[PDB]
Amino acid sequence: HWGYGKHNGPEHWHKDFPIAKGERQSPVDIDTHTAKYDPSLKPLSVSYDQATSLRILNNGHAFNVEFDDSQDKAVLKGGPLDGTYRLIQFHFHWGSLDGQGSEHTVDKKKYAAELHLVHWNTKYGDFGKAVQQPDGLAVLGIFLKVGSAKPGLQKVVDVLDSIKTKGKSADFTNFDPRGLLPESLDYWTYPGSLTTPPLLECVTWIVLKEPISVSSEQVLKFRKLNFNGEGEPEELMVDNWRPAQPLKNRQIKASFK
Ligand SMILES: NS(=O)(=O)c1ccc(NC(=O)C[C@]23C[C@H]4C[C@H](C[C@H](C4)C2)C3)cc1
Ligand SMILES: [Zn+2]
């Protein structure tokens with residue numbers, strides 16, 4: 001099956017998932033000088049005060065913090081979006097070294113990691129339906145650089161010992177995802193895709209301009225996770241990122257100048 005190794009990594013994905021070579025694939029490089037300021041872009045509306053986290057899961061590719069998305073509890077609105085998008089999960093992609101790990105790049109610059117807060121358009125009823133629509137998902141992407149610790153990340157870091165291997169999950173209630181946001185909500189936006197198989201072209205990407213900082217110890221703990229299941233040979237979960245894909249017939253818009 002697919003993964004991030006030499007023999008099953010991003011260069012191989014197109015054989016099982018031909019959409020890998022499609023017209024709106026993610027991630028992309030964000031060329032800041034070519035991005036277009038769009039003065040009609042609305043401020044983002046992040047409403048996470050009623051967020052209900054449930055569980056954290058190692059799925060063999062990353063770890064997901066899952067939320068109750070059966071009511072409008074944590075929602076994203078505004079920006080380039082019309083309608084209401086419910087938070088279903090967040091996860092990260094990260095590197096084996098501080099100089100790589102993000103999926104999006106900014107003027108070819110790679111960050112140490114990238115956080116994805118995944119939301120789906122409530123007009124489609126459930127997540128499985130939403131991924132089949134060109135405006136089905138909105139993913140809020142946030143870059144991580146190594147520097148000071150991010151206090152709101154620590155509870156996530158603390159529980160990783162409990163989900164070291166593929167298929168492990170742990171209860172993860174009462175987590176506040178607002179503690180993962182930077183100060184500014186200035187963003188770039190473009191139409192794209194899931195960045196792992198099935199690579200469906202269903203995502204409005206909203207990538208924040210301001211990275212958050214996390215400590216060396218925090219990212220080091222990400223790198224102690226395993227891609228493998230318990231009792232299988234140990235493969236460190238690092239470099240679980242897809243490289244930038246061609247922009248093709250797309251323009252990246254900026255909410256700021
Ligand atoms: N990195 S990213 O934010 O772009 C991202 C987000 C999410 C996924 N995958 C999933 O949620 C799993 C899932 C498996 C099948 C097929 C679809 C729909 C349903 C049933 C859920 C996808 C992959 C990448
Ligand atoms: Zn992701």
# chains A, B, ... in the order shown; residues from 1 in each chain; ligands from 1
>>> select_by_dssp(residues="segment 95-157 of chain A", states="alpha helix (DSSP H)", output="VMD selection string")
chain A and resid 127 to 130 154 to 157
>>> residues_near_ligand(ligand="ligand 2", cutoff="9 Å", atoms="only C-alpha atoms and all ligand atoms", output="PDB file with N, CA and C atoms, in the first residue's frame")
ATOM      1  N   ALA A  62      -0.041   9.545   9.955  1.00  0.00           N
ATOM      2  CA  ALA A  62       0.100  10.687  10.843  1.00  0.00           C
ATOM      3  C   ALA A  62      -0.692  10.358  12.108  1.00  0.00           C
ATOM      4  N   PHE A  90      -7.797  17.349  13.273  1.00  0.00           N
ATOM      5  CA  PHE A  90      -6.532  17.946  12.838  1.00  0.00           C
ATOM      6  C   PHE A  90      -5.388  16.951  12.926  1.00  0.00           C
ATOM      7  N   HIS A  91      -4.326  17.231  12.182  1.00  0.00           N
ATOM      8  CA  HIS A  91      -3.152  16.384  12.159  1.00  0.00           C
ATOM      9  C   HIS A  91      -1.996  17.221  11.665  1.00  0.00           C
ATOM     10  N   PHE A  92      -0.811  16.623  11.658  1.00  0.00           N
ATOM     11  CA  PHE A  92       0.384  17.338  11.224  1.00  0.00           C
ATOM     12  C   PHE A  92       1.141  16.515  10.195  1.00  0.00           C
ATOM     13  N   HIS A  93       2.011  17.195   9.458  1.00  0.00           N
ATOM     14  CA  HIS A  93       3.052  16.559   8.664  1.00  0.00           C
ATOM     15  C   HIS A  93       4.371  17.147   9.124  1.00  0.00           C
ATOM     16  N   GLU A 103       4.299  20.687   3.895  1.00  0.00           N
ATOM     17  CA  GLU A 103       3.832  20.293   2.570  1.00  0.00           C
ATOM     18  C   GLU A 103       3.797  21.516   1.663  1.00  0.00           C
ATOM     19  N   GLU A 114       3.720  21.127   9.432  1.00  0.00           N
ATOM     20  CA  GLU A 114       2.538  21.833   8.980  1.00  0.00           C
ATOM     21  C   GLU A 114       1.326  21.192   9.640  1.00  0.00           C
ATOM     22  N   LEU A 115       0.504  22.032  10.255  1.00  0.00           N
ATOM     23  CA  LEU A 115      -0.734  21.602  10.893  1.00  0.00           C
ATOM     24  C   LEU A 115      -1.885  21.755   9.913  1.00  0.00           C
ATOM     25  N   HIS A 116      -2.735  20.734   9.838  1.00  0.00           N
ATOM     26  CA  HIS A 116      -3.933  20.781   9.004  1.00  0.00           C
ATOM     27  C   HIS A 116      -5.164  20.590   9.842  1.00  0.00           C
ATOM     28  N   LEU A 117      -5.996  21.628   9.896  1.00  0.00           N
ATOM     29  CA  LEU A 117      -7.302  21.554  10.551  1.00  0.00           C
ATOM     30  C   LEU A 117      -8.325  21.321   9.463  1.00  0.00           C
ATOM     31  N   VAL A 118      -8.913  20.131   9.477  1.00  0.00           N
ATOM     32  CA  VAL A 118      -9.754  19.671   8.368  1.00  0.00           C
ATOM     33  C   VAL A 118     -11.231  19.908   8.666  1.00  0.00           C
ATOM     34  N   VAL A 139      -9.455  23.149   4.379  1.00  0.00           N
ATOM     35  CA  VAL A 139      -8.387  22.784   5.296  1.00  0.00           C
ATOM     36  C   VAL A 139      -7.605  24.037   5.632  1.00  0.00           C
ATOM     37  N   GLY A 141      -4.354  25.464   6.982  1.00  0.00           N
ATOM     38  CA  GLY A 141      -2.974  25.026   7.097  1.00  0.00           C
ATOM     39  C   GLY A 141      -2.151  26.051   7.851  1.00  0.00           C
ATOM     40  N   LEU A 194      -6.771  16.786  -1.295  1.00  0.00           N
ATOM     41  CA  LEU A 194      -6.144  16.037  -0.207  1.00  0.00           C
ATOM     42  C   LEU A 194      -4.692  15.813  -0.585  1.00  0.00           C
ATOM     43  N   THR A 195      -3.798  15.877   0.394  1.00  0.00           N
ATOM     44  CA  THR A 195      -2.379  15.711   0.085  1.00  0.00           C
ATOM     45  C   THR A 195      -1.883  14.280   0.275  1.00  0.00           C
ATOM     46  N   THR A 196      -2.784  13.367   0.633  1.00  0.00           N
ATOM     47  CA  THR A 196      -2.465  11.941   0.637  1.00  0.00           C
ATOM     48  C   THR A 196      -3.524  11.242  -0.187  1.00  0.00           C
ATOM     49  N   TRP A 241       5.362  13.962   4.469  1.00  0.00           N
ATOM     50  CA  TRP A 241       4.883  15.086   3.674  1.00  0.00           C
ATOM     51  C   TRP A 241       5.002  14.805   2.182  1.00  0.00           C
TER      52      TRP A 241
END
>>> residues_around(residues="residue 143 of chain A", least_positions_apart="2", cutoff="9 Å", atoms="only C-alpha atoms", output="ChimeraX atom specification")
/A:102,104,111-115,141,145,207-213
>>> write_last_selection(atoms="N, CA and C atoms", output="mmCIF file, in the first residue's frame")
data_model
loop_
_atom_site.group_PDB
_atom_site.id
_atom_site.type_symbol
_atom_site.label_atom_id
_atom_site.label_comp_id
_atom_site.auth_asym_id
_atom_site.auth_seq_id
_atom_site.Cartn_x
_atom_site.Cartn_y
_atom_site.Cartn_z
ATOM 1 N N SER A 102 7.142 20.573 6.120
ATOM 2 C CA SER A 102 5.884 21.141 5.646
ATOM 3 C C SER A 102 5.576 20.633 4.245
ATOM 4 N N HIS A 104 3.062 22.547 2.060
ATOM 5 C CA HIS A 104 3.210 23.823 1.375
ATOM 6 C C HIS A 104 4.577 24.413 1.647
ATOM 7 N N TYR A 111 9.076 24.632 6.055
ATOM 8 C CA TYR A 111 8.978 24.723 7.503
ATOM 9 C C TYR A 111 9.187 23.349 8.142
ATOM 10 N N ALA A 112 9.357 23.316 9.463
ATOM 11 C CA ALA A 112 9.622 22.063 10.178
ATOM 12 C C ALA A 112 8.416 21.119 10.184
ATOM 13 N N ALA A 113 7.230 21.692 10.066
ATOM 14 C CA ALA A 113 6.009 20.905 10.121
ATOM 15 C C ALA A 113 4.872 21.757 9.616
ATOM 16 N N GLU A 114 3.720 21.127 9.432
ATOM 17 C CA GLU A 114 2.538 21.833 8.980
ATOM 18 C C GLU A 114 1.326 21.192 9.640
ATOM 19 N N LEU A 115 0.504 22.032 10.255
ATOM 20 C CA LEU A 115 -0.734 21.602 10.893
ATOM 21 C C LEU A 115 -1.885 21.755 9.913
ATOM 22 N N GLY A 141 -4.354 25.464 6.982
ATOM 23 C CA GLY A 141 -2.974 25.026 7.097
ATOM 24 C C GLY A 141 -2.151 26.051 7.851
ATOM 25 N N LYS A 145 7.458 26.420 12.885
ATOM 26 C CA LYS A 145 8.903 26.572 12.899
ATOM 27 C C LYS A 145 9.411 26.196 14.276
ATOM 28 N N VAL A 207 -4.195 28.831 3.862
ATOM 29 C CA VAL A 207 -2.905 28.661 4.528
ATOM 30 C C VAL A 207 -2.533 29.971 5.208
ATOM 31 N N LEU A 208 -2.320 29.923 6.522
ATOM 32 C CA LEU A 208 -2.027 31.134 7.280
ATOM 33 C C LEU A 208 -0.616 31.634 7.008
ATOM 34 N N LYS A 209 -0.497 32.954 6.919
ATOM 35 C CA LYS A 209 0.783 33.621 6.682
ATOM 36 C C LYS A 209 1.733 33.482 7.867
ATOM 37 N N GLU A 210 1.189 33.573 9.076
ATOM 38 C CA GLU A 210 2.006 33.548 10.284
ATOM 39 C C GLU A 210 2.207 32.124 10.812
ATOM 40 N N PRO A 211 3.458 31.653 10.869
ATOM 41 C CA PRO A 211 3.690 30.335 11.471
ATOM 42 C C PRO A 211 3.554 30.387 12.986
ATOM 43 N N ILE A 212 3.346 29.232 13.608
ATOM 44 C CA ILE A 212 3.496 29.123 15.052
ATOM 45 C C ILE A 212 4.873 28.543 15.345
ATOM 46 N N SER A 213 5.410 28.845 16.524
ATOM 47 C CA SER A 213 6.677 28.248 16.917
ATOM 48 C C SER A 213 6.437 27.114 17.896
#
>>> closest_residue(among="A:75, A:28, A:81, A:153", to="ligand 1", atoms="only C-alpha atoms and all ligand atoms")
A:28
>>> residues_around(residues="residue 4 of chain A", least_positions_apart="3", cutoff="10 Å", atoms="only C-alpha atoms", output="ChimeraX atom specification")
/A:7-13,61,196,227,237-242
>>> select_by_dssp(residues="segment 24-257 of chain A", states="strand (DSSP E or B)", output="JSON, numbers by chain")
{"A": [29, 30, 36, 37, 44, 45, 46, 47, 53, 54, 55, 56, 57, 58, 63, 64, 65, 66, 67, 75, 76, 77, 78, 85, 86, 87, 88, 89, 90, 91, 92, 93, 94, 105, 106, 109, 113, 114, 115, 116, 117, 118, 119, 120, 121, 137, 138, 139, 140, 141, 142, 143, 144, 145, 146, 169, 170, 171, 187, 188, 189, 190, 191, 192, 203, 204, 205, 206, 207, 208, 212, 213, 214, 226, 236, 253, 254]}
>>> closest_residue(among="A:201, A:72, A:217, A:98", to="residue 26 of chain A", atoms="only C-alpha atoms")
A:201
